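Architecture at a glance
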Amino acid sequence: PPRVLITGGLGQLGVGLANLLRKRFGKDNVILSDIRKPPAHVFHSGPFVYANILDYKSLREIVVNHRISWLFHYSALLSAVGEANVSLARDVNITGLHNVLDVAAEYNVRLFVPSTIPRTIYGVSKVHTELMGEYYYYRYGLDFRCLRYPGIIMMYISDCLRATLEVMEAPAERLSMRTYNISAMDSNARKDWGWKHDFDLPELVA
Amino acid sequence: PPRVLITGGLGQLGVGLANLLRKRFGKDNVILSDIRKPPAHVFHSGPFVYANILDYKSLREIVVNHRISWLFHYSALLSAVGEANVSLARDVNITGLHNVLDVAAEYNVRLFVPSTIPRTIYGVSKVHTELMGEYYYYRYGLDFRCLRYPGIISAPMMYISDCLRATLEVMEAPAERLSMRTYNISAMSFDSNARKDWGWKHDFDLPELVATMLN
Ligand SMILES: NC(=O)c1ccc[n+]([C@@H]2O[C@H](COP(=O)([O-])OP(=O)(O)OC[C@H]3O[C@@H](n4cnc5c(N)ncnc54)[C@H](O)[C@@H]3O)[C@@H](O)[C@H]2O)c1
Ligand SMILES: NC(=O)c1ccc[n+]([C@@H]2O[C@H](COP(=O)([O-])OP(=O)(O)OC[C@H]3O[C@@H](n4cnc5c(N)ncnc54)[C@H](O)[C@@H]3O)[C@@H](O)[C@H]2O)c1
């Protein structure tokens, strides 16, 4: 059973991703994390921890002390949210990745990081997430795993969270590449690991 | 007449470019800079300064105190050494770059950064060099101008004299004549947009390459 740390956990996806993995590997094996304050219920779901991504030593303390093997990395400044504060966006996305790759490469941690489908600091850092992530796989052993999320509710949320769960369960031997395109409504994604979008146009209305 | 700051100048290109521009714009108009001790002659060639690219504050000072209008960013860890020192290479190529962009965009500087023709953190940062600089051209008015250097012959290739001249030319150009910020630049093999837009013509094809090299 793996030990999870979800970075940027209080976002749209992170909370759901958490409660999926919790009912899988157990309550105490998924550690949720953010810089913002957790609502009443999401706190009590399971171990929540303040974790600043720009603070490199925070991550290490946590990954050592809490014996982390799997790390999901959702913390990022959104496109428009970061276009007003570029320095911040650039730091949080690119420096944050750098700190995340180092912690994971050093302490032998499976690293999930989502990408997307550049005129925008968010987009530039997603290209950079892919290329850097692929480099740390070659240069060190880093078990880096990434899949380009499209639009999420294009695709439904329950497909998006389960796509993330499956690609981490799978063996590294059956992954021809480290960055995957995941599409609902992507052959390699469907071939290497059994990917199938459940929610398509009609049953998405239900 | 612009005032030039070269960055990482004590490399291969840096001294050549420095010596080229000092003949063009004047000696004390071109400040050369690096974090190494410059040889006796290059130090006296004209204004030399310690410029660490990992100190943002240091750059601002330099840029303001000398009214730097043009900046040539040559400070880098080329993959060879950077592949061992990933941490140090990452910082210098990426965070270093960031600092250059910011200083440039702030004090309204014309910024030259060279790229190359990705499984090495050097290469990954050169992709980054390009996608940022162009973003910074749209997000702010940053006059960012990038050539993609090929194999650079000295003593898909190119003799050093072309490399340097091409860089002077792409910076002298009217912003009006540039359809794009990153331009391919080619000589020989053994760059349509560059020739099309700002009149790039390489004077050192092969015959004269061999001619010069033998001296
Ligand atoms: N929302 C979508 O539909 C969508 C679409 C495409 C891609 N994605 C990708 O999915 C990922 C997660 O999506 P989401 O909706 O959960 O994110 P979100 O935008 O809802 O939340 C982002 C989180 O990042 C955190 N954060 C910001 N700076 C931080 C720092 N320095 N340290 C730690 N945390 C910090 C915030 O507190 C926040 O909880 C994103 O990285 C994004 O690239 C999402
Ligand atoms: N000549 C080529 O083969 C070639 C090919 C393609 C691209 N390029 C590009 O041209 C540029 C210059 O090439 P070069 O031949 O001078 O390389 P070089 O290795 O000779 O010079 C790099 C310089 O960067 C300096 N430097 C290192 N860390 C620094 C820091 N923190 N602050 C300031 N300076 C620092 C070093 O002192 C060194 O003098 C590079 O950016 C490279 O991307 C060169």
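Residues numbered from 1 in each chain as written, not as in the entry; some residues may be left out. Chains lettered and ligands numbered in written order. Heavy atoms only, no water. Residues with missing side-chain atoms left out of burial classes, pairs and counts.

Header annotation of the entry names X-ray crystallography as the structure determination method and lists the resolution as 3.2500 Å.

**Side note on the site of ligand 2**
Residues and elements named next belong to chain B. The environment of ligand 2 is formed by 24 residues, the closest being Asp34, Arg36, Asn52, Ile53 and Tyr122. Between ligand 2 and the protein, one listed contact pairs an oxygen atom with a side-chain N or O atom of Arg36 at 2.7 Å. Measuring from an oxygen atom of ligand 2, one finds a side-chain N or O atom of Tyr122 at 2.6 Å. Taking 850 Å² as the accessible area of ligand 2 by itself, protein coverage stands at 87%. Breaking the shell around ligand 2 down by element, the ones donating at least two residues are α1 (12-24), β5 (110-116) and α6 (121-139). Sort the elements by how many residues they give to the shell around ligand 2 and β5 lands first, with three residues. The residue makeup of the shell around ligand 2, split by class, is 14 nonpolar, seven polar and three charged. (Near = heavy atom within 4 Å. Polar contact = N/O pair within 3.5 Å; in protein donor to acceptor, adjacent residues only side chain to side chain. Areas by Shrake-Rupley, 256 points an atom, 1.4 Å probe, with all protein chains shown as cover. Helix = DSSP H or I, 4+ residues; strand = E, 2+ residues; numbered from the N terminus. Nonpolar A, V, L, I, M, F, W, Y, C, P; charged D, E, K, R; others polar.)

**Points about the interface of chain A and chain B**
Tallying the contact residues gives 21 residues for chain A and 22 residues for chain B. By residue number, the principal contributor to the side of chain A that touches chain B is helix α6 (residues 121-139) of chain A, which donates 10 residues. Residue classes in the side of chain A that touches chain B are distributed as 13 nonpolar, three polar and five charged. (Contact = heavy atoms within 4.5 Å.)

**Points about the site of ligand 1**
Residue and element names in this part refer to chain A. Around ligand 1 lies a shell of 24 residues, among which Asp34, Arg36, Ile53, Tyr74 and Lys126 are the nearest. In this structure, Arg36 approaches ligand 1 through a side-chain N or O atom, which is 2.8 Å from an oxygen atom. Within the backbone of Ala76, one N or O atom sits 3.4 Å away from an oxygen atom of ligand 1. Breaking the shell around ligand 1 down by element, the ones donating at least two residues are α1 (12-25) and α6. A per-element tally of the shell around ligand 1 places α1 first, with three residues. Here the residues of the shell around ligand 1 are counted per class, giving 15 nonpolar, six polar and three charged.

**Looking at the UniProt feature "active site" in chain B**
Residue and element names in this part refer to chain B. UniProt's feature table lists "active site" at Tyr122, given in the numbering used throughout. Among the secondary structure elements, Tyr122 is positioned in helix α6. Beyond its immediate chain neighbours, meaning those up to four positions away, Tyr122 contacts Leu77, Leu78, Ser79, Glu83, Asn93 and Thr116. (UniProt positions renumbered as here; feature names shortened; annotations may be inferred.)

**Side note on the packing of aromatic side chains**
Residues and elements named next belong to chain B. Enumeration over the complete set of coordinates arrives at 26 aromatic pairs over all chains. A centroid spacing of 5.2 Å and a plane angle of 85 degrees characterise the contact between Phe25 and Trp70, whose relative ring orientation is edge-to-face. Note that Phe25 is positioned in the loop between α1 and β2 (30-34) and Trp70 in strand β4 (residues 70-73), a separation of 45 residues in sequence. On the basis of relative accessibility, which here comes to 15%, the residue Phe25 falls in the buried class. For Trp70, a relative accessible area of 6% gives the class buried. Residues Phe43 and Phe48 carry aromatic rings whose centres are separated by 6.1 Å and whose planes lie at 40 degrees to one another, so their mutual orientation is tilted. (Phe/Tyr/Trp six-rings, centres within 6.5 Å; stacked < 30°, edge-to-face > 60°. Buried < 20%, exposed > 50% of the residue type's maximum accessible area, 1.4 Å probe, protein only.)

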